[PDB]
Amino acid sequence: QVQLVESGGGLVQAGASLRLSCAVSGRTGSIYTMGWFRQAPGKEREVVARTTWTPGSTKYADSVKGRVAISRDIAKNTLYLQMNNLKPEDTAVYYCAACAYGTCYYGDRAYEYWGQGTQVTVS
C-alpha cells in the first residue's frame, strides 16, 4: 500500500510558474518509478514527466518538454513538478503516480498507485 497526496495547484496567470508537490506515504521502497499525469476536462489522461526513484533519471513528454522539471526528495518523501511558462492548454487536473515496474518508465505501462489530483487552471 502506497498513498499519494498532490498539492500546490490553483489559479495562475499565463506565462507564470507553479511548483506542484506530492506527499509520498505508506510503503516507500516498493516504488521504482514515479510520475506526474494530467487530464483535461473532456480528454484522456496524459503523462507529463516520469522519474526513476533512487537514481533520479528524468523523462519528459514532448508537450511540456523544456518548460517542466520533475524532481524528488527521498528523505522528505516528496515528489516535485516545476512548471514554467504555463499556457492555457495546460489547464488540467494533475496527478502524481507511483509504480514498481521499469516498463512504467521506459514503455507506457499504467502506473499502479495514484493520488486524488490537484486542479491547475491557467487563464
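From 1 onward, residues are counted along the sequence shown.
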TODO: Taking the mean of the C-alpha B-factors per stretch from the entry, tell me the winner out of 84-92 and 44-52.
DONE: 84-92
- [ ] Decide which of the stretches 8-16 and 102-110 has the higher mean C-alpha B-factor, going by the entry.
- [x] 8-16
Open item on the list: Just to confirm, going by the entry's C-alpha B-factors, which of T33, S71, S57, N77 comes out highest?
Closed with: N77
Task: Where the record places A97 (Cα B-factor, split into thirds across the chain) - done: middle
